[PDB]
């Protein structure tokens, strides 16, 4: 990882699971967070970011005001802890991963 410490994740499970993500970038970037979910799961809710489903991953990008230095966003995925991995990409490089 290029910048360990740039990705922080809080998980809350009640049947469906909420992932509250904080990005510590040190500046404003067009970050890209790629999320891999277990088969059968999907994102049912999200905020403070744009969402796209591409190539088998759920891709989150910043809204106008959430490019950094510290960006916070979140989403809810169906099922209990269905997120298998979260990757933070900045300018094409893998900065951190969960």
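Residue numbers count along the first chain shown, from 1.
Mean CA B-factor, 37-45 versus 69-77: the higher value falls on 37-45. Ranked by C-alpha B-factor against the other modelled residues of its chain, residue 16 falls in the highest third. The deposited CA B-factor of residue 83 belongs to the middle third of values across its chain. Among all modelled residues in its chain, residue 23 ranks in the lowest third by Cα B-factor.
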